[PDB]
Amino acid sequence: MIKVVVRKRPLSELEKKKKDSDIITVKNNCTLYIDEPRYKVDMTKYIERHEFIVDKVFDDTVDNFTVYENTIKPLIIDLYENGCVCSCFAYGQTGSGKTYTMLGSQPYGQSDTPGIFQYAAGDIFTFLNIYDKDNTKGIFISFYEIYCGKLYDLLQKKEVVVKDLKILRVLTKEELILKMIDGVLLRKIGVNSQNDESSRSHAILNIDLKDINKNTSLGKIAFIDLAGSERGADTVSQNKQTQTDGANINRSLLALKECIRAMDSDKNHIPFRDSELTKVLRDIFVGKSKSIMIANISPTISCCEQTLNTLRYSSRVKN
């Protein structure tokens with residue numbers, strides 16, 4: 001199953017100075033309007049209101065702790081109580097707030113404004129201490145980038161297959177947070193030397209609770225930071241690498257939509273082989289899993305086309 005929530009980020013300082021308008025109106029808990037300025041039937045100013053309804057909308061005043069408690073805390077409870085396979089996706093255009101949602105403000109780890117990941121790490125270890133006082137269970141992570149359909153280990157530049165990814169035992173929340181931060185920053189430098197590689201790749205951090213002696217899973221949660229939803233525009237680039245990331249991002253994001261839709265209905269056969277992204281994530285599409293997608297949106301006029309694309313996509317996956 002999957003819950004789809006939308007988070008509106010507030011105008012930045014710079015956006016306010018350029019006197020950008022905020023075109024997003026959050027009506028209530030489940031509803032929001034996008035007011036798009038158009039010039040039609042001639043060429044004069046009017047507003048088309050597009051209304052969207054989702055599971056939950058967070059307006060631009062909702063902080064990260066509140067997002068965490070609402071979205072992720074129930075998943076960690078499921079993991080520990082029920083042995084649930086869980087996932088949290090961040091979806092939206094570059095600049096919409098995916099990274100701020102996950103990790104808070106820069107510099108990461110130095111700032112007093114953490115993201116949902118740090119709050120999650122704290123509760124993962126508190127729960128571990130409730131569920132184990134005998135050092136019989138442990139937390140084991142993998143973290144990797146998917147770029148142009150291939151995997152790159154962010155706990156380590158050369159491609160790897162899934163079975164060769166480093167699996168690391170982590171003993172405290174601080175260690176888990178440091179490994180997440182350092183992996184995000186490594187992807188930001190560009191492991192394949194591509195410009196804004198983080199926007200043009202997916203990243204997946206898997207947190208697995210294991211019975212240490214049996215080496216079996218007792219539940220897990222994956223955090224997935226998707227490629228920029230606008231980046232399928234890269235497919236027209238005359239730079240061959242950039243063209244390839246565009247085709248791959250289009251394919252992976254469509255594949256993800258199909259797999260979520262199959263899961264939510266036509267459920268016998270999940271088309272996980274449609275993309276490398278869905279193939280590595282195949283375990284999340286199996287009915288008893290618990291997933292959330294946070295769809296981040298930017299509030300300005302210049303982002304209107306992409307904000308509409310994001311909200312349309314968010315409507316189709318809820319199906």
# chains A, B, ... in the order shown; residues from 1 in each chain; ligands from 1
>>> residues_around(residues="residue A:85", least_positions_apart="2", cutoff="7 Å", atoms="only C-alpha atoms", output="count of residues only")
8
>>> residues_around(residues="stretch 160-170 of chain A", least_positions_apart="5", cutoff="9 Å", atoms="only C-alpha atoms", output="PyMOL selection string")
chain A and resi 138-144+150-155+175-176+280
>>> residues_around(residues="residue A:296", least_positions_apart="5", cutoff="9 Å", atoms="only C-alpha atoms", output="mmCIF file with N, CA, C and O atoms, in the first residue's frame")
data_model
loop_
_atom_site.group_PDB
_atom_site.id
_atom_site.type_symbol
_atom_site.label_atom_id
_atom_site.label_comp_id
_atom_site.auth_asym_id
_atom_site.auth_seq_id
_atom_site.Cartn_x
_atom_site.Cartn_y
_atom_site.Cartn_z
ATOM 1 N N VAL A 5 1.532 12.211 0.001
ATOM 2 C CA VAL A 5 1.373 13.484 0.629
ATOM 3 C C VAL A 5 2.131 14.555 -0.174
ATOM 4 O O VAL A 5 3.131 14.242 -0.861
ATOM 5 N N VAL A 6 1.643 15.786 -0.134
ATOM 6 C CA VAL A 6 2.284 16.914 -0.824
ATOM 7 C C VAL A 6 2.786 17.908 0.183
ATOM 8 O O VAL A 6 2.101 18.185 1.172
ATOM 9 N N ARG A 7 4.000 18.427 -0.042
ATOM 10 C CA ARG A 7 4.545 19.432 0.803
ATOM 11 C C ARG A 7 4.883 20.678 -0.039
ATOM 12 O O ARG A 7 5.711 20.644 -0.940
ATOM 13 N N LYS A 8 4.267 21.801 0.293
ATOM 14 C CA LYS A 8 4.575 23.066 -0.329
ATOM 15 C C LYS A 8 5.715 23.735 0.404
ATOM 16 O O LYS A 8 5.592 23.941 1.610
ATOM 17 N N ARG A 9 6.842 24.051 -0.268
ATOM 18 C CA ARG A 9 7.858 24.854 0.379
ATOM 19 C C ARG A 9 7.478 26.367 0.273
ATOM 20 O O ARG A 9 6.725 26.752 -0.667
ATOM 21 N N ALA A 90 11.001 10.578 -1.831
ATOM 22 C CA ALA A 90 10.902 11.997 -2.074
ATOM 23 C C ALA A 90 10.857 12.232 -3.576
ATOM 24 O O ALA A 90 11.750 11.842 -4.263
ATOM 25 N N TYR A 91 9.796 12.884 -4.060
ATOM 26 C CA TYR A 91 9.536 13.135 -5.475
ATOM 27 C C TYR A 91 9.334 14.624 -5.683
ATOM 28 O O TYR A 91 8.674 15.279 -4.869
ATOM 29 N N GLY A 92 9.869 15.161 -6.756
ATOM 30 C CA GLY A 92 9.636 16.503 -7.250
ATOM 31 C C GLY A 92 10.808 17.107 -7.959
ATOM 32 O O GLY A 92 11.811 16.426 -8.183
ATOM 33 N N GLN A 93 10.619 18.347 -8.437
ATOM 34 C CA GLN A 93 11.509 18.957 -9.356
ATOM 35 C C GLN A 93 12.705 19.377 -8.525
ATOM 36 O O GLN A 93 12.597 19.549 -7.310
ATOM 37 N N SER A 96 12.687 21.800 -5.224
ATOM 38 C CA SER A 96 11.380 21.754 -4.548
ATOM 39 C C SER A 96 11.365 21.447 -3.046
ATOM 40 O O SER A 96 10.321 21.551 -2.387
ATOM 41 N N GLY A 97 12.508 21.102 -2.462
ATOM 42 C CA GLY A 97 12.604 20.689 -1.080
ATOM 43 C C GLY A 97 12.835 19.243 -0.720
ATOM 44 O O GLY A 97 12.723 18.954 0.464
ATOM 45 N N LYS A 98 13.204 18.332 -1.669
ATOM 46 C CA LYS A 98 13.458 16.940 -1.328
ATOM 47 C C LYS A 98 14.585 16.727 -0.256
ATOM 48 O O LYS A 98 14.403 16.030 0.760
ATOM 49 N N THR A 101 13.745 18.314 3.129
ATOM 50 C CA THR A 101 12.876 17.428 3.839
ATOM 51 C C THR A 101 13.628 16.271 4.524
ATOM 52 O O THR A 101 13.386 15.960 5.670
ATOM 53 N N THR A 307 5.082 21.905 -11.298
ATOM 54 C CA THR A 307 4.216 21.671 -10.144
ATOM 55 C C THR A 307 2.942 20.951 -10.526
ATOM 56 O O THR A 307 2.549 19.969 -9.900
ATOM 57 N N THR A 310 3.980 17.317 -11.277
ATOM 58 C CA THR A 310 4.165 16.597 -10.029
ATOM 59 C C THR A 310 2.830 16.187 -9.401
ATOM 60 O O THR A 310 2.671 15.062 -8.951
#
>>> closest_residue(among="A:69, A:266, A:274, A:283", to="residue A:222", atoms="only C-alpha atoms")
A:283
>>> residues_around(residues="residue A:191", least_positions_apart="6", cutoff="12 Å", atoms="only C-alpha atoms", output="list in words")
residues 144, 145, 146, 147, 151, 152, 153, 154, 155, 156, 157, 158, 159, 183, 184, 185, 197, 198, 200 and 201 of chain A
>>> write_last_selection(atoms="N, CA and C atoms", output="compact mmCIF listing (two decimals), in the first residue's frame")
# COMPACT_ATOMS: atom_id res chain seq x y z
N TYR A 144 23.32 3.67 -1.90
CA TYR A 144 23.82 3.74 -3.27
C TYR A 144 23.04 4.69 -4.17
N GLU A 145 23.68 5.08 -5.23
CA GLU A 145 23.17 5.94 -6.29
C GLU A 145 22.81 5.07 -7.52
N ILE A 146 21.68 5.38 -8.16
CA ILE A 146 21.34 4.84 -9.48
C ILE A 146 21.45 5.95 -10.49
N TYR A 147 22.41 5.84 -11.38
CA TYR A 147 22.64 6.86 -12.39
C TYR A 147 22.72 6.09 -13.76
N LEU A 151 24.43 1.12 -10.73
CA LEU A 151 24.57 1.35 -9.29
C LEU A 151 25.96 1.76 -8.91
N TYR A 152 26.04 2.69 -7.94
CA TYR A 152 27.31 3.22 -7.45
C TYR A 152 27.20 3.26 -5.92
N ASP A 153 28.17 2.67 -5.21
CA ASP A 153 28.06 2.50 -3.78
C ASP A 153 28.44 3.83 -3.11
N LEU A 154 27.54 4.42 -2.33
CA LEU A 154 27.86 5.65 -1.61
C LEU A 154 28.45 5.43 -0.20
N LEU A 155 28.69 4.19 0.18
CA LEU A 155 29.42 3.92 1.42
C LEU A 155 30.91 3.70 1.09
N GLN A 156 31.27 3.45 -0.16
CA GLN A 156 32.70 3.45 -0.65
C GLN A 156 33.48 4.78 -0.57
N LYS A 157 34.47 6.60 -10.30
CA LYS A 157 34.21 5.48 -9.40
C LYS A 157 33.35 4.41 -10.08
N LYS A 158 33.67 3.14 -9.80
CA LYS A 158 33.21 2.02 -10.62
C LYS A 158 31.81 1.55 -10.22
N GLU A 159 31.11 1.06 -11.22
CA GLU A 159 29.80 0.50 -11.04
C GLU A 159 29.89 -0.83 -10.23
N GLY A 183 27.19 10.33 2.48
CA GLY A 183 26.72 9.77 1.22
C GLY A 183 25.98 10.79 0.34
N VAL A 184 25.09 11.58 0.96
CA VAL A 184 24.48 12.66 0.24
C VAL A 184 25.50 13.67 -0.30
N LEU A 185 26.52 14.04 0.53
CA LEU A 185 27.50 14.99 0.10
C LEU A 185 28.44 14.44 -1.03
N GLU A 197 24.81 16.06 -10.64
CA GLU A 197 24.55 14.64 -10.67
C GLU A 197 23.50 14.20 -9.66
N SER A 198 23.41 14.88 -8.51
CA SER A 198 22.43 14.53 -7.53
C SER A 198 20.99 14.71 -8.10
N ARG A 200 20.18 14.38 -11.10
CA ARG A 200 20.10 13.50 -12.32
C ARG A 200 20.33 12.00 -12.00
N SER A 201 20.10 11.64 -10.76
CA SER A 201 20.24 10.28 -10.22
C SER A 201 19.29 10.06 -9.05
>>> select_by_dssp(residues="stretch 87-164 of chain A", states="strand (DSSP E or B)", output="mmCIF file with N, CA, C and O atoms, in the first residue's frame")
data_model
loop_
_atom_site.group_PDB
_atom_site.id
_atom_site.type_symbol
_atom_site.label_atom_id
_atom_site.label_comp_id
_atom_site.auth_asym_id
_atom_site.auth_seq_id
_atom_site.Cartn_x
_atom_site.Cartn_y
_atom_site.Cartn_z
ATOM 1 N N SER A 87 8.963 1.970 3.039
ATOM 2 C CA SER A 87 9.659 2.889 2.163
ATOM 3 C C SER A 87 9.077 4.304 2.251
ATOM 4 O O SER A 87 7.886 4.530 2.454
ATOM 5 N N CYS A 88 9.965 5.271 2.016
ATOM 6 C CA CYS A 88 9.613 6.674 1.931
ATOM 7 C C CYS A 88 10.359 7.250 0.699
ATOM 8 O O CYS A 88 11.590 7.244 0.644
ATOM 9 N N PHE A 89 9.585 7.706 -0.296
ATOM 10 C CA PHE A 89 10.047 8.370 -1.500
ATOM 11 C C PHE A 89 9.966 9.884 -1.395
ATOM 12 O O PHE A 89 8.958 10.406 -0.964
ATOM 13 N N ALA A 90 11.001 10.578 -1.831
ATOM 14 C CA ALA A 90 10.902 11.997 -2.074
ATOM 15 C C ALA A 90 10.857 12.232 -3.576
ATOM 16 O O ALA A 90 11.750 11.842 -4.263
ATOM 17 N N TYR A 91 9.796 12.884 -4.060
ATOM 18 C CA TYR A 91 9.536 13.135 -5.475
ATOM 19 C C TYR A 91 9.334 14.624 -5.683
ATOM 20 O O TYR A 91 8.674 15.279 -4.869
ATOM 21 N N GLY A 104 17.317 18.584 6.383
ATOM 22 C CA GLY A 104 17.277 19.880 7.006
ATOM 23 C C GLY A 104 18.172 20.865 6.297
ATOM 24 O O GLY A 104 18.519 20.701 5.117
ATOM 25 N N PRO A 114 17.280 19.948 11.610
ATOM 26 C CA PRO A 114 17.383 18.621 10.997
ATOM 27 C C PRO A 114 16.235 18.283 10.089
ATOM 28 O O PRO A 114 15.240 18.964 10.067
ATOM 29 N N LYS A 137 20.001 -8.339 18.128
ATOM 30 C CA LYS A 137 19.469 -7.691 16.893
ATOM 31 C C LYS A 137 20.286 -6.470 16.575
ATOM 32 O O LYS A 137 20.897 -5.824 17.497
ATOM 33 N N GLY A 138 20.342 -6.102 15.299
ATOM 34 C CA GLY A 138 21.140 -4.989 14.872
ATOM 35 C C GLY A 138 20.630 -4.301 13.612
ATOM 36 O O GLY A 138 19.717 -4.825 12.956
ATOM 37 N N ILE A 139 21.156 -3.092 13.396
ATOM 38 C CA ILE A 139 20.806 -2.233 12.255
ATOM 39 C C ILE A 139 21.959 -2.302 11.280
ATOM 40 O O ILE A 139 23.105 -2.008 11.616
ATOM 41 N N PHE A 140 21.622 -2.544 10.010
ATOM 42 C CA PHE A 140 22.547 -2.780 8.903
ATOM 43 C C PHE A 140 22.036 -1.938 7.710
ATOM 44 O O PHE A 140 20.810 -2.071 7.351
ATOM 45 N N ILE A 141 22.927 -1.127 7.179
ATOM 46 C CA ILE A 141 22.623 -0.201 6.086
ATOM 47 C C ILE A 141 23.379 -0.483 4.784
ATOM 48 O O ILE A 141 24.513 -1.028 4.790
ATOM 49 N N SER A 142 22.760 -0.071 3.671
ATOM 50 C CA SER A 142 23.369 0.021 2.368
ATOM 51 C C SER A 142 22.964 1.403 1.863
ATOM 52 O O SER A 142 21.873 1.885 2.226
ATOM 53 N N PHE A 143 23.769 2.033 1.046
ATOM 54 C CA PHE A 143 23.436 3.353 0.475
ATOM 55 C C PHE A 143 24.114 3.429 -0.873
ATOM 56 O O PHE A 143 25.309 3.302 -0.988
ATOM 57 N N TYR A 144 23.323 3.674 -1.905
ATOM 58 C CA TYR A 144 23.818 3.735 -3.267
ATOM 59 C C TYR A 144 23.037 4.693 -4.172
ATOM 60 O O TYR A 144 21.848 5.039 -3.887
ATOM 61 N N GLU A 145 23.681 5.084 -5.231
ATOM 62 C CA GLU A 145 23.174 5.936 -6.293
ATOM 63 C C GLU A 145 22.806 5.073 -7.517
ATOM 64 O O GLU A 145 23.554 4.167 -7.833
ATOM 65 N N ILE A 146 21.682 5.382 -8.157
ATOM 66 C CA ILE A 146 21.337 4.843 -9.479
ATOM 67 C C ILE A 146 21.445 5.951 -10.489
ATOM 68 O O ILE A 146 20.747 6.967 -10.387
ATOM 69 N N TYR A 147 22.407 5.841 -11.384
ATOM 70 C CA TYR A 147 22.640 6.858 -12.390
ATOM 71 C C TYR A 147 22.722 6.092 -13.760
ATOM 72 O O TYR A 147 23.545 5.192 -13.894
ATOM 73 N N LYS A 150 22.638 2.296 -13.694
ATOM 74 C CA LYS A 150 23.669 1.558 -13.050
ATOM 75 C C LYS A 150 23.840 1.988 -11.561
ATOM 76 O O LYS A 150 23.443 3.107 -11.209
ATOM 77 N N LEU A 151 24.425 1.116 -10.731
ATOM 78 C CA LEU A 151 24.573 1.353 -9.286
ATOM 79 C C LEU A 151 25.958 1.755 -8.907
ATOM 80 O O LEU A 151 26.925 1.214 -9.388
ATOM 81 N N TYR A 152 26.041 2.693 -7.944
ATOM 82 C CA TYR A 152 27.313 3.219 -7.452
ATOM 83 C C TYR A 152 27.198 3.257 -5.924
ATOM 84 O O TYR A 152 26.219 3.805 -5.399
ATOM 85 N N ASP A 153 28.170 2.669 -5.213
ATOM 86 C CA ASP A 153 28.064 2.502 -3.779
ATOM 87 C C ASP A 153 28.435 3.834 -3.115
ATOM 88 O O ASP A 153 29.543 4.296 -3.308
ATOM 89 N N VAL A 160 28.824 -1.150 -9.496
ATOM 90 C CA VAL A 160 28.691 -2.405 -8.726
ATOM 91 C C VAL A 160 27.366 -3.085 -9.020
ATOM 92 O O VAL A 160 26.402 -2.415 -9.341
#
>>> residues_around(residues="residue A:46", least_positions_apart="4", cutoff="7 Å", atoms="only C-alpha atoms", output="PyMOL selection string")
chain A and resi 37-39
>>> residues_around(residues="residue A:230", least_positions_apart="3", cutoff="9 Å", atoms="only C-alpha atoms", output="PyMOL selection string")
chain A and resi 92-94+227+233-234+306+309
>>> select_by_dssp(residues="stretch 43-151 of chain A", states="alpha helix (DSSP H)", output="PyMOL selection string")
chain A and resi 64-71+73-82+98-103+116-131
>>> write_last_selection(atoms="N, CA, C and O atoms", output="short mmCIF file (atom, residue, chain, number, x, y, z; two decimals), in the first residue's frame")
data_model
loop_
_atom_site.label_atom_id
_atom_site.label_comp_id
_atom_site.auth_asym_id
_atom_site.auth_seq_id
_atom_site.Cartn_x
_atom_site.Cartn_y
_atom_site.Cartn_z
N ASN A 64 9.90 20.24 9.78
CA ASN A 64 10.29 18.92 9.51
C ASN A 64 9.91 17.92 10.57
O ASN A 64 9.66 16.74 10.31
N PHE A 65 9.99 18.32 11.83
CA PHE A 65 9.58 17.43 12.89
C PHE A 65 8.09 16.99 12.72
O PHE A 65 7.75 15.82 12.90
N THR A 66 7.23 17.94 12.37
CA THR A 66 5.83 17.65 12.17
C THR A 66 5.59 16.70 10.97
O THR A 66 4.80 15.75 11.09
N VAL A 67 6.37 16.91 9.90
CA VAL A 67 6.31 16.00 8.77
C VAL A 67 6.73 14.62 9.24
O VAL A 67 6.09 13.62 8.96
N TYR A 68 7.86 14.54 9.98
CA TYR A 68 8.38 13.27 10.46
C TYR A 68 7.34 12.51 11.28
O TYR A 68 7.06 11.32 11.06
N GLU A 69 6.72 13.20 12.23
CA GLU A 69 5.80 12.52 13.18
C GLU A 69 4.57 11.99 12.48
O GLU A 69 4.01 10.96 12.88
N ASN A 70 4.16 12.69 11.44
CA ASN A 70 3.00 12.32 10.71
C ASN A 70 3.21 11.20 9.74
O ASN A 70 2.31 10.34 9.68
N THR A 71 4.36 11.15 9.08
CA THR A 71 4.65 10.27 7.93
C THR A 71 5.51 9.10 8.23
O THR A 71 5.24 8.00 7.77
N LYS A 73 7.17 8.29 11.49
CA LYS A 73 7.08 7.62 12.77
C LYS A 73 6.15 6.38 12.70
O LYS A 73 6.53 5.32 13.21
N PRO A 74 4.97 6.45 12.06
CA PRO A 74 4.11 5.23 11.95
C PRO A 74 4.80 4.07 11.24
O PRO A 74 4.54 2.92 11.62
N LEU A 75 5.68 4.36 10.28
CA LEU A 75 6.40 3.34 9.59
C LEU A 75 7.43 2.64 10.51
O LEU A 75 7.65 1.43 10.45
N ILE A 76 8.12 3.40 11.34
CA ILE A 76 9.11 2.76 12.21
C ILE A 76 8.35 1.86 13.23
O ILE A 76 8.78 0.84 13.60
N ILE A 77 7.19 2.30 13.70
CA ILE A 77 6.40 1.49 14.62
C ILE A 77 6.01 0.17 13.90
O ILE A 77 6.15 -0.90 14.47
N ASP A 78 5.57 0.24 12.64
CA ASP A 78 5.25 -0.95 11.83
C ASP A 78 6.41 -1.92 11.64
O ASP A 78 6.25 -3.16 11.70
N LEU A 79 7.59 -1.38 11.35
CA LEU A 79 8.77 -2.15 11.21
C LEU A 79 8.98 -3.00 12.46
O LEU A 79 9.19 -4.21 12.38
N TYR A 80 9.02 -2.35 13.63
CA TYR A 80 9.40 -3.04 14.86
C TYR A 80 8.25 -3.98 15.35
O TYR A 80 8.51 -5.10 15.74
N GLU A 81 7.03 -3.53 15.28
CA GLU A 81 5.88 -4.30 15.83
C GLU A 81 5.47 -5.42 14.92
O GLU A 81 5.13 -6.53 15.39
N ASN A 82 5.55 -5.17 13.62
CA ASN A 82 4.93 -6.07 12.65
C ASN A 82 5.87 -6.68 11.70
O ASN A 82 5.47 -7.52 10.89
N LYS A 98 13.20 18.33 -1.67
CA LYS A 98 13.46 16.94 -1.33
C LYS A 98 14.58 16.73 -0.26
O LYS A 98 14.40 16.03 0.76
N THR A 99 15.71 17.37 -0.52
CA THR A 99 16.85 17.25 0.37
C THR A 99 16.63 17.97 1.72
O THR A 99 16.92 17.40 2.80
N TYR A 100 16.01 19.14 1.68
CA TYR A 100 15.69 19.83 2.90
C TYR A 100 14.73 18.96 3.79
O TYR A 100 14.82 18.90 5.02
N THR A 101 13.75 18.31 3.13
CA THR A 101 12.88 17.43 3.84
C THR A 101 13.63 16.27 4.52
O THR A 101 13.39 15.96 5.67
N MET A 102 14.57 15.67 3.80
CA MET A 102 15.30 14.53 4.31
C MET A 102 16.33 14.89 5.38
O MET A 102 16.40 14.15 6.37
N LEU A 103 17.05 16.02 5.22
CA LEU A 103 18.18 16.33 6.06
C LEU A 103 18.24 17.67 6.71
O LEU A 103 19.13 17.89 7.55
N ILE A 116 13.83 14.78 8.30
CA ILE A 116 13.10 13.63 8.75
C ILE A 116 13.98 12.42 8.98
O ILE A 116 13.69 11.57 9.87
N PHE A 117 15.13 12.37 8.28
CA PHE A 117 16.01 11.31 8.46
C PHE A 117 16.68 11.27 9.86
O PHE A 117 16.79 10.21 10.50
N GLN A 118 17.11 12.43 10.34
CA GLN A 118 17.69 12.47 11.67
C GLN A 118 16.70 12.07 12.77
O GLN A 118 17.05 11.35 13.72
N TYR A 119 15.45 12.57 12.68
CA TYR A 119 14.44 12.18 13.62
C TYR A 119 14.14 10.67 13.57
O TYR A 119 14.03 10.01 14.63
N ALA A 120 14.12 10.13 12.34
CA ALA A 120 13.96 8.70 12.17
C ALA A 120 15.11 7.89 12.80
O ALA A 120 14.86 6.90 13.48
N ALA A 121 16.34 8.33 12.64
CA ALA A 121 17.46 7.64 13.19
C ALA A 121 17.37 7.55 14.73
O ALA A 121 17.63 6.53 15.35
N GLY A 122 16.93 8.64 15.36
CA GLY A 122 16.74 8.63 16.77
C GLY A 122 15.73 7.63 17.23
O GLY A 122 15.98 6.85 18.17
N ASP A 123 14.56 7.56 16.55
CA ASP A 123 13.54 6.65 16.99
C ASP A 123 13.87 5.18 16.64
O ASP A 123 13.56 4.31 17.47
N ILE A 124 14.68 4.95 15.59
CA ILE A 124 15.12 3.63 15.18
C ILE A 124 15.99 3.05 16.31
O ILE A 124 15.86 1.91 16.71
N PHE A 125 16.90 3.86 16.86
CA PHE A 125 17.65 3.37 17.97
C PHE A 125 17.00 3.26 19.33
O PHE A 125 17.29 2.35 20.11
N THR A 126 16.06 4.16 19.64
CA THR A 126 15.26 4.03 20.81
C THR A 126 14.41 2.73 20.77
O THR A 126 14.38 1.97 21.73
N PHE A 127 13.78 2.48 19.63
CA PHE A 127 13.04 1.28 19.46
C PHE A 127 13.94 0.02 19.53
O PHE A 127 13.50 -0.99 20.08
N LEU A 128 15.14 0.09 18.99
CA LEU A 128 16.06 -1.04 19.04
C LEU A 128 16.30 -1.41 20.52
O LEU A 128 16.31 -2.58 20.92
N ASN A 129 16.49 -0.36 21.38
CA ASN A 129 16.75 -0.60 22.78
C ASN A 129 15.51 -1.18 23.45
O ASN A 129 15.62 -2.00 24.38
N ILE A 130 14.29 -0.82 23.05
CA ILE A 130 13.12 -1.47 23.58
C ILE A 130 13.01 -2.96 23.17
O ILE A 130 12.69 -3.82 24.02
N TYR A 131 13.29 -3.22 21.92
CA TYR A 131 13.12 -4.55 21.34
C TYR A 131 14.30 -5.45 21.52
O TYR A 131 14.20 -6.64 21.16
#
>>> closest_residue(among="A:180, A:255, A:277, A:24", to="residue A:148", atoms="only C-alpha atoms")
A:277
>>> atom_distance(atom1="atom CA of residue A:50", atom2="atom CA of residue A:301")
13.6 Å
>>> closest_residue(among="A:43, A:207, A:186, A:270", to="residue A:257", atoms="only C-alpha atoms")
A:270
>>> residues_around(residues="residue A:260", least_positions_apart="6", cutoff="10 Å", atoms="only C-alpha atoms", output="list in words")
residues 1, 2, 266, 267, 270, 271, 272, 278, 284, 285, 286, 287, 291, 316, 317, 318 and 319 of chain A
>>> write_last_selection(atoms="N, CA and C atoms", output="JSON list (two decimals), in the first residue's frame")
[["chain", "number", "residue", "atom", "x", "y", "z"],
["A", 1, "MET", "N", 0.85, -1.24, 0.00],
["A", 1, "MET", "CA", 0.00, 0.00, 0.00],
["A", 1, "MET", "C", 0.88, 1.28, 0.00],
["A", 2, "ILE", "N", 0.31, 2.41, -0.50],
["A", 2, "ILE", "CA", 1.00, 3.75, -0.50],
["A", 2, "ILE", "C", 0.12, 4.98, -0.23],
["A", 266, "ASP", "N", -3.96, -4.27, -9.74],
["A", 266, "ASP", "CA", -3.75, -5.37, -10.74],
["A", 266, "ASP", "C", -2.56, -6.28, -10.35],
["A", 267, "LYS", "N", -2.66, -6.84, -9.14],
["A", 267, "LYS", "CA", -1.50, -7.01, -8.25],
["A", 267, "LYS", "C", -0.75, -8.33, -8.37],
["A", 270, "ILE", "N", 3.86, -7.73, -10.71],
["A", 270, "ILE", "CA", 4.39, -6.36, -10.61],
["A", 270, "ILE", "C", 5.44, -6.23, -11.66],
["A", 271, "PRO", "N", 5.35, -5.19, -12.51],
["A", 271, "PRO", "CA", 6.32, -5.04, -13.58],
["A", 271, "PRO", "C", 7.67, -4.44, -13.14],
["A", 272, "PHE", "N", 8.22, -4.94, -12.03],
["A", 272, "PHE", "CA", 9.49, -4.42, -11.48],
["A", 272, "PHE", "C", 10.69, -4.45, -12.38],
["A", 278, "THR", "N", 13.05, 0.13, -10.14],
["A", 278, "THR", "CA", 12.04, -0.74, -9.64],
["A", 278, "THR", "C", 12.53, -2.16, -9.35],
["A", 284, "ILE", "N", 9.35, -3.73, -2.18],
["A", 284, "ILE", "CA", 8.35, -2.81, -1.66],
["A", 284, "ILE", "C", 7.00, -2.91, -2.32],
["A", 285, "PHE", "N", 6.89, -3.60, -3.45],
["A", 285, "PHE", "CA", 5.63, -3.59, -4.22],
["A", 285, "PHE", "C", 4.63, -4.74, -3.87],
["A", 286, "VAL", "N", 4.89, -5.43, -2.77],
["A", 286, "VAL", "CA", 4.16, -6.68, -2.43],
["A", 286, "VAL", "C", 2.93, -6.62, -1.47],
["A", 287, "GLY", "N", 2.09, -5.58, -1.53],
["A", 287, "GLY", "CA", 0.78, -5.60, -0.83],
["A", 287, "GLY", "C", 0.77, -5.41, 0.70],
["A", 291, "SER", "N", 4.24, 2.10, 2.45],
["A", 291, "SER", "CA", 5.05, 3.12, 1.75],
["A", 291, "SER", "C", 4.39, 4.49, 1.78],
["A", 316, "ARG", "N", -2.07, 9.97, -10.09],
["A", 316, "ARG", "CA", -2.07, 8.71, -10.80],
["A", 316, "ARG", "C", -1.47, 7.55, -10.02],
["A", 317, "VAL", "N", -0.52, 7.85, -9.14],
["A", 317, "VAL", "CA", 0.11, 6.77, -8.37],
["A", 317, "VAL", "C", -0.80, 6.36, -7.20],
["A", 318, "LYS", "N", -1.56, 7.31, -6.65],
["A", 318, "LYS", "CA", -2.53, 7.02, -5.59],
["A", 318, "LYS", "C", -3.57, 6.00, -6.12],
["A", 319, "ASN", "N", -3.74, 5.93, -7.46],
["A", 319, "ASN", "CA", -4.58, 4.90, -8.09],
["A", 319, "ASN", "C", -3.92, 3.50, -8.11]]
>>> decode(residues="stretch 200-211 of chain A", atoms="C-alpha atoms", output="PDB file, in the first residue's frame")
ATOM      1  CA  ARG A 200      20.102  13.496 -12.318  1.00  0.00           C
ATOM      2  CA  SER A 201      20.237  10.285 -10.222  1.00  0.00           C
ATOM      3  CA  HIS A 202      18.298   8.400  -7.560  1.00  0.00           C
ATOM      4  CA  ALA A 203      19.648   7.509  -4.134  1.00  0.00           C
ATOM      5  CA  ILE A 204      18.517   4.711  -1.907  1.00  0.00           C
ATOM      6  CA  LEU A 205      19.417   4.241   1.812  1.00  0.00           C
ATOM      7  CA  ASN A 206      18.213   0.850   3.104  1.00  0.00           C
ATOM      8  CA  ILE A 207      17.952   0.379   6.915  1.00  0.00           C
ATOM      9  CA  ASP A 208      17.495  -3.313   7.832  1.00  0.00           C
ATOM     10  CA  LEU A 209      16.759  -4.682  11.326  1.00  0.00           C
ATOM     11  CA  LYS A 210      18.389  -8.190  11.441  1.00  0.00           C
ATOM     12  CA  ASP A 211      18.626 -11.145  13.843  1.00  0.00           C
TER      13      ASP A 211
END
